[PDB]
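Student: task: produce atomic coordinates for the following.
(10 chains, ligands or ions: 6)
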Amino acid sequence: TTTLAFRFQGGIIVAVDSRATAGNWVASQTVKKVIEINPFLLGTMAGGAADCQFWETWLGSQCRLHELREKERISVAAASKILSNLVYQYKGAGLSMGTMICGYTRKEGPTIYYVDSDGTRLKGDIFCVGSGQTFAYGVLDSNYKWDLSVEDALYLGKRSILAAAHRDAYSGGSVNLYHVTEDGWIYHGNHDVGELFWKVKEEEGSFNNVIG
Amino acid sequence: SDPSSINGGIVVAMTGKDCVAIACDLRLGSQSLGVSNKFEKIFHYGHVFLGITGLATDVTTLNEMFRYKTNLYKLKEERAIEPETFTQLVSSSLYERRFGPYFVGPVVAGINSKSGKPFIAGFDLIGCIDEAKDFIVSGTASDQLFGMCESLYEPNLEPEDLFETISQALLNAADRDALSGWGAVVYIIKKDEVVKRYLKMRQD
Amino acid sequence: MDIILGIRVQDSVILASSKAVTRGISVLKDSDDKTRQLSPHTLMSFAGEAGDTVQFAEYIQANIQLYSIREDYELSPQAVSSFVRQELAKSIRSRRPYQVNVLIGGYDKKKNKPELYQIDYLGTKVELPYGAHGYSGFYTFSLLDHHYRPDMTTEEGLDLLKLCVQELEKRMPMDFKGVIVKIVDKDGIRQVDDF
Amino acid sequence: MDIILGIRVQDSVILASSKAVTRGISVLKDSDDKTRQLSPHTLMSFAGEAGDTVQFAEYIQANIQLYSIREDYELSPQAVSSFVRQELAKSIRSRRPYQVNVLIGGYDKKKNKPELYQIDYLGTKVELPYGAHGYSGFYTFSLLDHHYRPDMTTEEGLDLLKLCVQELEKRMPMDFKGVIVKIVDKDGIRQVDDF
Amino acid sequence: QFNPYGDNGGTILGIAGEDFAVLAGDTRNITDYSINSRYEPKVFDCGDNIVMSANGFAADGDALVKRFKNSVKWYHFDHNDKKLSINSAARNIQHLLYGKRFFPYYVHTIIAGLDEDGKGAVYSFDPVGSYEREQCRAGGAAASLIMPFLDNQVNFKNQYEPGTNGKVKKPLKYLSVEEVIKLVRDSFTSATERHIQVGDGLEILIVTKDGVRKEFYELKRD
Amino acid sequence: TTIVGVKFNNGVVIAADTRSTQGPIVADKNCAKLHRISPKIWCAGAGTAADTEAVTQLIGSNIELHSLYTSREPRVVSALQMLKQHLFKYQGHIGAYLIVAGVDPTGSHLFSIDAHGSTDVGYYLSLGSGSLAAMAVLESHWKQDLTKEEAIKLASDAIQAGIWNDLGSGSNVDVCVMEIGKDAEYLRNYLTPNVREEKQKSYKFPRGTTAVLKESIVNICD
Amino acid sequence: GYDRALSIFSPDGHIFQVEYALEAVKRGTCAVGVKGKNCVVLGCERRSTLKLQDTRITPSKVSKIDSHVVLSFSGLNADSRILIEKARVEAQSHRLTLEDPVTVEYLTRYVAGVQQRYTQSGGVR
Amino acid sequence: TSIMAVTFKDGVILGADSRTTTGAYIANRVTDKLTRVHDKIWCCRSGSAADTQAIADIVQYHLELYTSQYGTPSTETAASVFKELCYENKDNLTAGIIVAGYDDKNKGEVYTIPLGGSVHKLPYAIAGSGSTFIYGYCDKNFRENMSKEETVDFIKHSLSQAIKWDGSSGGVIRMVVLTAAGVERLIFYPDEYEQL
Amino acid sequence: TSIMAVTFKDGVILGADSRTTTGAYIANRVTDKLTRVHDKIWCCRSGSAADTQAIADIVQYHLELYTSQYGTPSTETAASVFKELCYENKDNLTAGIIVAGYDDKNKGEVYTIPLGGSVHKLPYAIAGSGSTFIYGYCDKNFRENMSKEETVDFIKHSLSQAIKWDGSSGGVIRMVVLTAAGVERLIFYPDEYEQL
Amino acid sequence: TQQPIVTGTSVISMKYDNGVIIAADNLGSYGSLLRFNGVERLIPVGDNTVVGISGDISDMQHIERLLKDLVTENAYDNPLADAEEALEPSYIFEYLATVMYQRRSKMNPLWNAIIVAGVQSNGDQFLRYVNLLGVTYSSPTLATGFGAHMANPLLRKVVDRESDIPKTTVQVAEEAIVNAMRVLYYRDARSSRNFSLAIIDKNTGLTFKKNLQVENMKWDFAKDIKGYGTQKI
Ligand SMILES: [K+]
Ligand SMILES: [Mg+2]
Ligand SMILES: [Mg+2]
Ligand SMILES: [Mg+2]
Ligand SMILES: [Mg+2]
Ligand SMILES: [Mg+2]
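Tutor: Residues are numbered from 1 along each chain as shown, chains lettered A, B, ... in the order given. Ligands and ions are numbered 1, 2, ... in the order given. Below is the structure:
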């Protein structure tokens, strides 16, 4: 996997790939690595597919129970901490997870939390997680400004996954985009790398290492 | 640290009606990191084509070694080496390193210039010869290639049809392997013309 | 050792190599030049096992210089790279192999073209528009995939290289104490002092 | 985690803690605050195993805050340090021990004295004029042995601390992305923003 | 030291059409280089128009199928004979598998049936419960042989429209049950040729709104 | 591999299957495991494929030179001695398991050789992964004073036992008959009981299906 | 373990033990709460049959549960400590997991839930 | 294996079962473990089949070359050649060999050579995995200067018991008689020896 | 150890050597491996001295409590109690026990219990490290319905050979006779049995 | 976690037109020592089922006791214990199969390979295998250990698929089983000559044969075999 999410003037961008692997065997090219917890919360998946999938849908149930009990949507901080406290109980048992809890609330504003299976929990503006995280960072960091437009931010997130999908053997398939605003998350489509690469190469003039 | 799957890559060969085809991907990586998308795995010495998968340093070394040996062969014999003879040379050379082998999966392809017969062969890393009427596969997506070839292949295909079959065999096999892909090349070989085509494939 | 980069542009090859030499919990030196001039228009940077690196570099340097004197002629970058690859390809099945990774940047005077070769300790040679060894590649390759163009000037190449160093200084765990940058072109090899 | 330092001067305790959080070959964050306020005049910095550190820090924080509310009273730095030590001393023979090393800087309002405690994951407590955990001590202790005086001002302590950070930035292998500095004195806890 | 796992070989394959779904599997059961049975079925009708196969270690495979079948029974008892939808079955199986996360069922699970809109559905699971709906999935020993062939022939991957300069893709379309069974039979005969643990016989379970039908075909016994 | 050897009235017959494996994958569906050492001395080989080929060729080469040197037809015991001493020297690392048979001026002979260097003498022998399936048949049906046609039947039946019951063996039966006073007859693909059935579908693609980036003529001439 | 169901229904549908617990509250010293536009004030009676008291150390009638919430009571003094302690622990536990102090409604809901549990648990009054 | 050699009035008799194994599979049920290194000097083989064959072949070569130069070698000499190979290559060998021969001066003689390569001259010797089960029986029943018929019965009864208990032993009981009269080969089948 | 128990006309006799070891050191040369779990139900112990003692003690307790409630237990019952302990604790035990007793209905009976905790009723049983060397001898010499004197000689000769070959066996030969007449203890010293 | 001590080798079996046959030798091995010779490894349950067991004998004796208890427990409050509610082979198997898999799942297996042979109440042949891993399978012929490698190939020549079962008589089937037992005696180093054989027929019922011997063996050709290559005398 490769996944990212960053904060900017117009909210949060979240972008992920869609490949699953068993060693060198490409198991799937159509995995959903973003989970929609509620209309204002997103969770990203990297590491063990089952671990991420099982516990992040479980997290969604805990978030639903919070708003039933408290008559108020759960904070991004509290949601992320439910997950981090859960995995910390299993620390040493062998769970494999690199997740990002992204969302907007009134009291917090746009917020991103990194949560992994050894119990690390970090608030931050930019994170890239997975086997292709470094490739994504390389492009994202070198083009990131706070004042990016919604249009430019969406592209940079998409372009950063594409970068990693290309170079990392264990990333690929397609790009799933999300934009998180004060009004909630908005899905910005599934983008197959099969077509997206050549479209970007031609229009942008990049990827000159590849035989055109 | 399994020598045969550090760099990645695949080669496949097929026979048709009075023709042969041999194809390979272009990837060279270091485990997860893709490094080069120009690394061709098919070479030729006269009219005899050799494809080599596995550890890339041994691929390069063996190419240089067989160029060496076929050049001396030609000088002394005063003729180009034939596929059947070259196959035996590859087998001898690999078995010479029986207990310290080159980590490779070579594939010979070509047409005997005297008889006109299409010929393909495959080897394990220590030289055992695997001759076939239909197809030979090699590389990190060999399972995939076996499955593609065994279903897609039919005998006596015309050069233009054989191109489609072997290309689709390679492409779809490569897309199910993390270490194979990043471009592809197909050689269509007739008695006295050879066409080389680069395929458009997904670059992830 | 650790970080070595290479970028081939229109008219030159630019090599950037980290200045740090670390042993244990101490940075012993912050001005180390991880490169050797093999010939007037050929430069080799290196990284890997302590001792092995410089020993291998200087051994290659001696051999190329010996050739130059014998024939009164400069070997092409392609010829030098193939010699180096074979030496490493021999080495990997020795009793104690050289654990050294190299980049070879050269300007071919007969072709009037810059050339960059990446060779690892196994003897795995590739010609590239841009190259890197070690963990550096995990950041720089994707960055260069985006920003690199084949027709760039030396100045554009240096700015592109600054972008790589900045990224590495942001995301790499270790302090590599900046880089020494050298340019290989038609006029030979020169060092950029202010980077 | 990695670098945590502490200096006790005439009228205050100064804690400096590295800002980097590194996982693998990536620096995930460069603004991490490796500290928790246990009470108005007691601050604890921490370093060690990922997850364990913050979990332990916040668990201690909760317990001290619970005590404060129950008794309407602030525990002395000595009392807090002894509570922390015992928790770690219990931990070391558990099924899965906390792998966390801490420094506790506090100002005792009854004694009108600053106090610095160094406690490792085994539960090994010592009161010190200056302290460090991990590899940091291998440079800073000898430096402070030379330059430290017991009657220094907070400003002198900060300059003394700058000297430590400079040395670590010169000789440490890893980039720890600077430090967050906090002062504990009679008026409580405050953060120096420009370091 | 006692090893609680074993490998019983075999391979399975699930394809979904517009108003149907097939779940096929060979009938050979093996350990090491011996054949245990030439006809030991591992594709089962679990009720509510759900067919299921758990291929790999047969003891775990049987245990899982047994538990899921029982789960369907109790779903009826507890929810007024309500039909268990394929999506609900999938989620339930995830919990069955993940329940043994730290001592896994060594199996690759595939279920097939119809969704609540009447359209064909195939779900596939890894050994610890990660699941995904797909048009197409092969599992087991020869999955690596069969799957790429399915990508090419079911989803038309790498196939472009002739004369369009590789610019227009071959359009996706549902396959008829006749076309699907042809692909299944060719997939298994090809797998039988090149994989030693695959052969003897092929049993296909077809699922439509009318129920569950079976078809059997001989495979090479060497 | 399954390989056998059976003695009869006026000579000896050997046989073998034709499957070559790489793990669970069938690498070669029709490989030749019957090796000519001299015109009337043949060797059936199981084990590491390259080893059985190389060691049989080397000894065959040296046997030819010896035959020319001595002006005599080579003896089976010479091939036996040369093979066993070579294999013993390599302490089993050359993984060749051979059944050596033939006729010479001394008579007809049948031997077996293990990778470590031990040799056996017998009227009937079997080696390889399918040797137990084969030996079961040999022990059930062998008798003293077999005819030529009876021995071929027994030998090929023993190989079939391997083909059907051993996953390590498959495809076809090769046979070689070595009778006293006659030329040795090599019967390549004596039985072919594993012919692939007709495929359900032709997967011939419409021309232009594959997207192409570049074309060029390759120069093979000087 | 002592299991007896002490709080049970009577023929008329009353739980006498709960109602008798209210009589204990009626016996306790008066407590009053009044909330203004920008504040809340908690007033408490202290009986004057106790002279020679030490008011420095005597348990105060109003208790801080957290820095932003307070609790006063009427009834058995010993009983109130158990409720206050549980409330104070829950206050810190909430800050630990939710990373936000309790709302007054939440803290109240918890304390009330504890009280209810003691009306249908065996072996407790 | 179960093997033994026994001296008697007229010379010496060697005895052996006929079983060779890989694990619990019987690779050969009609093996000949009694093996000629000279006209009237034979050996019983136990341990690795490859090792004992390679050794016996080398010894036979050595004694053939000895005979060409110095005439018939003594049984002691033959045992010394076995020892030299077994001792000097002890790290790479798994061979338990019993050497037995007939001289006219020395009559019957038996030398046993265990794993280490030591030599032991004895009136009779037993060896191989199955020998463990007949130490008690053989010690109680062996007498010196037995007749041919008595010695045959002694070996037959002994190996019968060794075969009965040892899974690694079985098949037929082969025997080789070494006397002034010549060399006689005897065989005894299960149906006879099992019901002893 | 070498141990055995043998049924005969009038009942059953148990036999054992008297050697206990740690490595090659003899920790006790006068051990009593024949052990009473009931008046006329005894056992022979082999394997770990601690394990077999702990087991025998528990069995003796069980049979004493059995007798208090249900009267004299059968030999089969005693063997079943041994089995239950040996089988259920097979992972933590190294015990090879022979159980032997005399009923008036069932006369002499012998049950052997190897490492796994299986039960085997036999006319006679041998066990312990030294038993390996007398399988051949005992099988050839045992007859059913022997006399007391014949059975004593059979055990004496058998254990003599087991002791002779097994380094882990030695000392005196103890025997316990179980008949209707009662319980008789016999001892035989090296000077007698060695020269048999 | 275990290791087997006293062990039993192959159990072989097959279906024929009217029922099933099963056989197993009477040996209890102790490593290479052929220790016990009177061991019955076929255990009848009622008059319609025989359970053949290989592997650890202590675990076999435990399973014997379980089956013995199952008969007792089934008879409790069951007026039809010798009629409609008698123990079927399929009940006996499923019970054992459950136990075997539960024991492997607790990492403490019964170290056995088991074949349950019998005839159901409706006349159907029952033959199914289960082992220490809880792996179950059914086939016209079934065998454990060496029997799987040597007996199955021979028995499959008689009954190669389902349609061969009606064509196979009890005379032909028994002949094949008895032959397979001989072959195992030639080739299995932990086999004995003595064995037991059981036939469960839907008409004639349960026939249990004890103290059978392997006979009509070929050993004569051994006399002609001399040396290991070059030796002539
Ligand atoms: K072959
Ligand atoms: Mg990729
Ligand atoms: Mg090689
Ligand atoms: Mg300390
Ligand atoms: Mg087969
Ligand atoms: Mg002794």
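Student: look up the closest residue to residue 5, ignoring the ones flanking it.
Tutor: Using chain A here. Once flanking residues are discounted, residue A:5 sits nearest to residue A:14: 4.3 Å by Cβ to Cβ, 6 or more residues apart in numbering or on different chains. C-betas here are computed from N, CA, C, even on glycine.
Student: right idea, wrong chain: chain G
Tutor: residue G:122 is the one closest to residue G:5 (Cβ to Cβ, 6+ apart), at 5.5 Å.
Student: contacts only, for that neighbour.
Tutor: G:2, G:3, G:4, G:5, G:6 (Cβ atoms under 8 Å, 6 or more residues apart in numbering or on different chains).
Student: contact partners for residue E:61?
Tutor: So residue E:61 contacts E:8, E:42, E:53, E:54, E:55, E:105, E:107 (Cβ under 8 Å, 6+ apart).
Student: tell me which of the residues you listed fall in helices.
Tutor: In helices, judged by DSSP state H, none of the contacts of residue E:61 are found.
Student: so which of those residues is surrounded by the most neighbours?
Tutor: residue E:54 (32 neighbours; other Cβ atoms under 10 Å in any protein chain shown).
Student: now that one: how far from chain F?
Tutor: 20 Å (Cβ to the nearest Cβ, to the nearest Å).
Student: give the bridge partners for that residue, please.
Tutor: residue E:109 (DSSP bridges).
Student: contacts only, for it.
Tutor: Contacts of residue E:54 (Cβ under 8 Å, 6+ apart): E:42, E:60, E:61, E:62, E:64, E:65, E:105, E:107, E:108, E:109.
Student: follow-up on the earlier one: just among the contacts of residue G:122, which is most surrounded?
Tutor: residue G:6 (15 neighbours).
Student: ok, longest helix in chain H?
Tutor: helix H:49-70.
Student: give me the next element, helix or strand, following it.
Tutor: Once helix H:49-70 ends, the next helix or strand along the chain (criterion: DSSP states H and E) is helix H:75-88.
Student: same for that next one, what does it pack against?
Tutor: Using 3 or more Cβ pairs under 8 Å, 6 or more residues apart in numbering or on different chains; DSSP states H and E as the contact test, the elements touching helix H:75-88 are strand H:41-47, helix H:49-70, strand H:95-102, strand H:108-113.
Student: the shortest one near chain I anywhere?
Tutor: No - under the criterion of Cβ under 8 Å from any Cβ of the partner chain, chain I is not reached by strand H:108-113; the shortest gap measures 15.5 Å.
Student: compute the inter-axis angle for that strand and strand H:95-102.
Tutor: 170 degrees (axes from the mean of the first three to the mean of the last three Cα atoms, to 10 degrees).
Student: C-alpha coordinates for strand H:108-113, CSV please?
Tutor: Only the C-alpha atoms of strand H:108-113 are listed here, as CSV (Å, rounded to 0.1, in the frame of the first residue of the first chain):
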residue,chain,number,x,y,z
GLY,H,108,38.9,-70.2,10.6
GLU,H,109,39.3,-66.6,11.8
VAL,H,110,36.9,-63.8,12.5
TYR,H,111,37.7,-60.1,12.9
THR,H,112,35.1,-57.4,13.7
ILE,H,113,35.5,-53.7,12.8
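Student: strands paired with it, and their directions?
Tutor: strand H:95-102 (antiparallel), strand H:120-122 (antiparallel).
Student: looking at the ones you listed, which is buried most?
Tutor: The highest average neighbour count among the strands paired with strand H:108-113, using mean count of other Cβ atoms under 10 Å in any protein chain shown, belongs to strand H:95-102 at a mean of 28.
Student: that one vs helix H:49-70, what angle?
Tutor: 40 degrees.
Student: quick one: strand H:95-102 to chain centroid distance?
Tutor: Centroid displacement of strand H:95-102 relative to its chain, using Cα atoms, centre = their mean, to the nearest Å, is 5 Å.
Student: between it and helix H:75-88, how many degrees?
Tutor: Using the same axes, to 10 degrees: strand H:95-102 against helix H:75-88 is 170 degrees.
Student: thinking again about what came up before, which member of the contacts of residue E:61 is positioned nearest residue J:56?
Tutor: Taking Cβ to Cβ as the measure, residue J:56 lies nearest residue E:8 of these, at 22.6 Å.
Student: in what element of secondary structure is the closest residue to chain E within chain G found?
Tutor: Closest contact between chain G and chain E, by Cβ to the nearest Cβ, is at residue G:97 (24.2 Å). Taking DSSP H and E as the definition, residue G:97 sits inside helix G:77-98.
Student: within range of chain B, give me the residues from chain C.
Tutor: C:85, C:88-89, C:92-93, C:118, C:120, C:122-128, C:137-138, C:141.
Student: emit the ChimeraX select command for whichever of the residues you listed are buried.
Tutor: In ChimeraX syntax, the buried subset of the residues of chain C next to chain B is picked out as below (16 or more other Cβ atoms under 10 Å in any protein chain shown):
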select /C:85,88,89,92,118,120,122,123,124,125,126,127,128,137,138,141
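Student: strands - which of the residues of chain C next to chain B land there?
Tutor: C:118, C:125, C:126, C:127 (DSSP state E).
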